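Q: One structure is given below, represented as structure tokens, and several questions about it will come after.
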Amino acid sequence: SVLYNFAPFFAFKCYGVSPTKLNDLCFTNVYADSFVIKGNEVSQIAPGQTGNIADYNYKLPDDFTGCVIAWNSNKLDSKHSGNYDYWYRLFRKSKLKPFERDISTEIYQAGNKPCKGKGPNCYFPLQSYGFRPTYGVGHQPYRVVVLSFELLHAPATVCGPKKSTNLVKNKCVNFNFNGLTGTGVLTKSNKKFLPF
Amino acid sequence: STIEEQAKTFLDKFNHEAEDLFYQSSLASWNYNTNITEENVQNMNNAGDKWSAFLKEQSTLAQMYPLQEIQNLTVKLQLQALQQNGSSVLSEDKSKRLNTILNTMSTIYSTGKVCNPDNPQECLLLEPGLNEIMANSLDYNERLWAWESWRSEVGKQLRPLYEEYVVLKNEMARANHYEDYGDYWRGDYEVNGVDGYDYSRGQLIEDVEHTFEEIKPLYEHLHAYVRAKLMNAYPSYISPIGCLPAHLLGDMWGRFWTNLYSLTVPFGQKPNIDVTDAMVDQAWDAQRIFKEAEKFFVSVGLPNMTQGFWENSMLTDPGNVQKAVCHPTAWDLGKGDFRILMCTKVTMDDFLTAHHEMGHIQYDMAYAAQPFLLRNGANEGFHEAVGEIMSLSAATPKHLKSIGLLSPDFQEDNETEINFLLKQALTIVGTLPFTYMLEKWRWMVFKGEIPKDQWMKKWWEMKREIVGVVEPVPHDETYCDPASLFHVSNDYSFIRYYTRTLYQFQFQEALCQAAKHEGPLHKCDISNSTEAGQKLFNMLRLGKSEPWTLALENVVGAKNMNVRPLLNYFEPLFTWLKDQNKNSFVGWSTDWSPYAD
């Protein structure tokens with residue numbers, strides 16, 4: 001609900017789950033990942049879609065997953081000398097099984113050369129996005145939160161908020177106090193339901 | 001056994017650690033040009049230098065991959081460059097002497113002052129005064145004193161200086177496998193290995209001599225006109241059958257002939273439509289000129305101007321004492337950063353500029369999706385051309401009409417068409433004959449077809465010949481008449497101006513048919529079409545990825561320049577242009593010399 005408490009969230013594609021009923025139904029549990037990236041790549045992050053972000057830096061599967069949320073963060077994230085803090089892996093070795101992870105700096109190599117490489121290059125996978133405030137709206141920094149729900153063997157505990165209706169008293173009314181159901185007049189009382 | 005792939009990576013880095021260096025080197029330059037101070041100069045001295053660093057080294061680590069194995073042309077090209085050591089390979093102590101030369105001459109031409117020929121007081125400086133003196137009065141003398149005030153003077157200073165660079169410049173070339181600097185210079189077009197779309201490095205020369213020997217017929221009648229209309233405002237002087245001498249012609253050296261619409265005016269009783277006034281009547285402000293342009297482009301369905309344009313572009317004079325350089329010029333610091341810097345002064349000579357300098361930004365926004373080392377234009381003159389066609393459809397008696405600006409009360413007639421042409425045909429057909437020579441001469445001199453002790457002769461020889469001009473006074477072998485203008489003394493190839501004048505009409509007549517024309521083509525107006533719209537983008541997109549040869553075919557419809565289309569724009573004129581000569585003479589009597597007399 002307070003999810004609408006974000007700006008025009010540049011995205012919210014709910015591949016997999018009905019975007020609606022979001023609060024209507026519950027699943028075992030839900031993780032929420034997050035990272036900063038340029039806006040010319042906020043699409044790679046999507047079932048099947050390819051490219052660098054999905055290749056050595058964060059590959060989703062195809063499973064519903066749940067949804068995605070993106071917002072431009074320049075305002076505070078960008079700088080004026082180059083926010084040279086956010087990084088990326090230009091090249092790993094192969095790719096990642098949906099939702100893997102690799103952080104080892106591991107200066108890239110391979111090439112059976114004195115410095116196994118691609119012609120005196122011995123490149124290093126980590127490069128610095130380096131944002132600035134005057135850039136386009138395709139090289140400006142966007143923020144993302146990937147919503148991963150799931151329904152294991154046990155229940156949907158996390159689950160969600162349900163509404164009331166206020167008590168009536170002295171009038172046939174069907175009901176659902178806690179989780180017990182039935183139809184009857186809900187008068188006052190005189191019992192001492194022990195504290196539990 | 002990856003000989004490539006072991007390099008498709010070398011690029012993958014460059015492509016990232018360059019853009020960042022280039023952004024912070026083009027920025028610097030705006031800041032100066034916009035705000036003129038001192039620290040700003042320095043502030044750019046660093047990054048305006050740094051970039052260099054990156055470059056040189058990457059070239060080192062670029063030949064490390066013998067191009068021979070590369071086969072994906074995309075990479076055979078991104079590499080084609082980088083490697084190019086070009087200079088630097090040249091001798092050291094010698095590379096020094098060269099670095100020197102340039103300066104000397106490139107400087108001389110700058111402050112070069114002309115003291116009075118009758119007083120050490122009237123020392124006119126070119127920018128203001130030397131120029132006026134030329135495109136101003138009519139009286140003889142000062143015109144000669146000025147054609148004398150430079151040649152055997154501000155150029156003699158460099159006469160042997162030109163004879164200098166020709167030595168080392170050709171050395172460097174040799175090394176880099178290029179008979180003459182001209183063979184280096186004649187390369188932007190050399191397209192190798194593409195099956196049918198191939199093009200040589202010499203084929204060009206011939207296509208020129210062809211296209212040109214087709215124009216003579218027109219040009220011939222134009223020197224025919226003036227030659228006589230320059231016998232009216234002038235007394236016993238211009239021999240009625242010889243060559244229009246220098247001084248009395250147009251500008252200084254006389255590249256263009258524009259400064260003349262007066263002396264020659266088909267029917268000097270016509271309106272010469274000028275929407276300047278009306279601009280000052282609707283109260284048209286500056287931010288209008290640009291919003292109009294933007295539209296023209298969006299009408300034909302092309303991207304709107306971004307939000308970084310309307311918020312970062314110096315679109316007026318230099319604010320306060322904010323000394324600014326006032327040169328219309330659209331920038332592209334990369335990263336979506338597109339900007340314009342023109343001091344738009346309310347008028348109809350700036351409303352066309354806008355449409356001319358937004359096309360630069362509209363091309364620069366299509367190729368924006370290509371490797372940094374492939375973002376430019378197929379060949380040298382596809383960049384202007386693709387933004388002049390706009391300053392052609394913009395000032396159409398229709399557009400200005402249909403645009404709620406030009407009094408729709410247009411009493412349009414023949415003696416205005418017949419008249420708007422002698423204007424657009426004194427600065428796009430009188431410049432052609434001159435663009436050749438210069439190039440020829442050097443293209444030769446370089447190759448070594450002339451020995452210094454003769455260089456001079458040719459100039460004048462190929463001046464009464466190809467063009468039709470005689471030396472007001474006889475000139476000495478130690479004068480660099482050729483080398484006495486910016487380009488000549490600032491190493492700039494000058495054929496991007498003969499191939500931009502012939503690709504503009506091949507683009508007009510093509511994106512014209514598409515929008516359903518049918519009448520005088522000077523009357524074309526693509527505004528509001530959409531078929532032509534796509535016509536262009538399908539070329540503006542390929543940036544420099546594919547050969548220029550085929551880039552045309554996408555549009556135009558062939559793959560080699562054509563003088564036919566251009567000879568149609570003024571086709572109207574070539575009628576009244578023979579009926580106006582009628583019995584007068586045509587052709588030049590090479591002999592007659594206003595000095596050899």
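Please note that chains go A, B, ... in the order of the structure tokens, that every chain numbers its residues from 1, and that ligands are numbered from 1 in the order shown.
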Enumerate the residues of segment 48-192 of chain A with a DSSP assignment of strand (DSSP E or B), computed from the backbone, and present them as a count of residues only.

A: 27

Q: Per residue of chain B within 7 Å of chain A, record the nearest atom pair and its distance in Å to one decimal, counting only C-alpha atoms, with rows in chain order and ascending residue number, as a tab-separated table.

A:
residue	atom	partner	partner_atom	distance
B:6	CA	A:118	CA	4.0
B:7	CA	A:118	CA	5.8
B:9	CA	A:118	CA	6.8
B:10	CA	A:121	CA	6.7
B:64	CA	A:119	CA	6.4
B:65	CA	A:119	CA	6.9
B:335	CA	A:135	CA	5.4
B:336	CA	A:136	CA	4.1
B:337	CA	A:135	CA	5.7

Q: So that I can check the surroundings of residue 87 of chain B, please list as an NGL selection string every protein, DNA and RNA residue that reaches within 8 Å of it, counting only C-alpha atoms and ignoring chain neighbours fewer than 3 positions away.

A: :B and (90 or 95 or 172)

Q: So that I can check the secondary structure, give me every residue of chain A assigned alpha helix (DSSP H) by backbone DSSP, as a PyMOL selection string.

A: chain A and resi 74-77

Q: Fewer than 3 positions away in the same chain doesn't count, so skip those; otherwise give me all residues within 12 Å of residue 411 of chain B, counting only C-alpha atoms, as number ranges by chain.

A: B: 270-273, 397, 401, 406-408, 414-417

Q: Compile the contact shell of residue 28 of chain A as a PyMOL selection string: residues with an atom at most 9 Å away, counting only C-alpha atoms, same-chain residues fewer than 3 positions apart removed.

A: chain A and resi 149-159

Q: Keeping only C-alpha atoms, take the residues you just selected and write them out as a PDB file, in the first residue's frame.

A:
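File produced: result.pdb:
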ATOM      1  CA  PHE A 149       7.860 -13.752  -3.328  1.00  0.00           C
ATOM      2  CA  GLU A 150       7.503 -17.532  -2.774  1.00  0.00           C
ATOM      3  CA  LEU A 151       5.030 -20.139  -1.418  1.00  0.00           C
ATOM      4  CA  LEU A 152       6.954 -22.960   0.359  1.00  0.00           C
ATOM      5  CA  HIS A 153       5.402 -25.911   2.271  1.00  0.00           C
ATOM      6  CA  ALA A 154       4.505 -23.994   5.489  1.00  0.00           C
ATOM      7  CA  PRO A 155       2.064 -20.954   5.214  1.00  0.00           C
ATOM      8  CA  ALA A 156       2.034 -17.403   3.715  1.00  0.00           C
ATOM      9  CA  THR A 157       2.671 -15.975   7.257  1.00  0.00           C
ATOM     10  CA  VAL A 158       4.013 -12.533   6.096  1.00  0.00           C
ATOM     11  CA  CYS A 159       0.545 -12.303   4.442  1.00  0.00           C
TER      12      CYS A 159
END

Q: When you look at residue 161 of chain A with a cut-off of 10 Å (counting only C-alpha atoms), what residues show up, excluding the ones that are within fewer than 6 positions of it in the same chain? I need them as a PDB file with N, CA, C and O atoms, in the first residue's frame.

A:
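Writing the result to selection.pdb gives the following:
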ATOM      1  N   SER A   1       0.863  -1.202   0.000  1.00  0.00           N
ATOM      2  CA  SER A   1       0.000   0.000   0.000  1.00  0.00           C
ATOM      3  C   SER A   1       0.889   1.239   0.000  1.00  0.00           C
ATOM      4  O   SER A   1       0.819   2.011  -0.970  1.00  0.00           O
ATOM      5  N   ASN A  23      -1.969  -7.173  -2.372  1.00  0.00           N
ATOM      6  CA  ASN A  23      -2.277  -7.255  -0.924  1.00  0.00           C
ATOM      7  C   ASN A  23      -3.431  -8.232  -0.721  1.00  0.00           C
ATOM      8  O   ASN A  23      -3.698  -8.579   0.448  1.00  0.00           O
ATOM      9  N   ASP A  24      -4.062  -8.684  -1.812  1.00  0.00           N
ATOM     10  CA  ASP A  24      -5.263  -9.554  -1.684  1.00  0.00           C
ATOM     11  C   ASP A  24      -4.880 -10.973  -1.246  1.00  0.00           C
ATOM     12  O   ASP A  24      -5.713 -11.622  -0.588  1.00  0.00           O
ATOM     13  N   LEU A  25      -3.675 -11.436  -1.584  1.00  0.00           N
ATOM     14  CA  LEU A  25      -3.306 -12.843  -1.275  1.00  0.00           C
ATOM     15  C   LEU A  25      -1.908 -12.904  -0.652  1.00  0.00           C
ATOM     16  O   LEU A  25      -1.189 -11.891  -0.722  1.00  0.00           O
TER      17      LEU A  25
END

Q: So which one's closest to residue 53 of chain A, A:184, A:66, A:179, A:39? Using only C-alpha atoms, please.

A: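 Among the listed residues, A:39 lies closest to residue 53 of chain A.
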
Q: Take atom CA of residue 135 of chain B and atom CA of residue 252 of chain B and report the distance between them in Å, one decimal.

A: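 Computed distance, atom CA of residue 135 of chain B to atom CA of residue 252 of chain B, equals 7.4 Å.
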
Q: One number please: atom CA of residue 424 of chain B to atom CA of residue 554 of chain B, in Å, one decimal.

A: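 Going from atom CA of residue 424 of chain B over to atom CA of residue 554 of chain B covers 27.9 Å.
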
Q: Counting only C-alpha atoms, which of A:144, A:68, A:173, A:186 gets nearest to residue 36 of chain A?

A: A:144

Q: So how far away is atom CA of residue 543 of chain B from atom CA of residue 380 of chain B, in Å?

A: 12.1 Å

Q: Excluding same-chain residues fewer than 4 positions from residue 164 of chain A, what lies within 12 Å of it counting only C-alpha atoms, as a VMD selection string?

A: chain A and resid 168 175 to 178

Q: Just to be explicit: take each residue in the selection above, keep N, CA and C atoms, and write the result as a JSON list (two decimals), in the first residue's frame.

A:
[["chain", "number", "residue", "atom", "x", "y", "z"],
["A", 168, "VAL", "N", -21.31, -4.24, 15.83],
["A", 168, "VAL", "CA", -22.72, -3.80, 15.65],
["A", 168, "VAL", "C", -23.48, -3.97, 16.96],
["A", 175, "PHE", "N", -20.40, -12.92, 10.56],
["A", 175, "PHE", "CA", -19.13, -12.42, 11.17],
["A", 175, "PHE", "C", -17.87, -13.18, 10.80],
["A", 176, "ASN", "N", -16.73, -12.69, 11.31],
["A", 176, "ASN", "CA", -15.44, -13.40, 11.11],
["A", 176, "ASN", "C", -14.44, -13.00, 12.19],
["A", 177, "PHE", "N", -14.91, -12.63, 13.39],
["A", 177, "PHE", "CA", -13.99, -12.36, 14.53],
["A", 177, "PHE", "C", -12.82, -13.34, 14.44],
["A", 178, "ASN", "N", -11.58, -12.84, 14.55],
["A", 178, "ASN", "CA", -10.38, -13.70, 14.35],
["A", 178, "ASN", "C", -10.57, -14.49, 13.06]]

Q: Calculated over only C-alpha atoms, which of the candidates A:170, A:65, A:83, A:52 has the smallest distance to residue 32 of chain A?

A: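 That would be A:65, the residue with the smallest distance to residue 32 of chain A.
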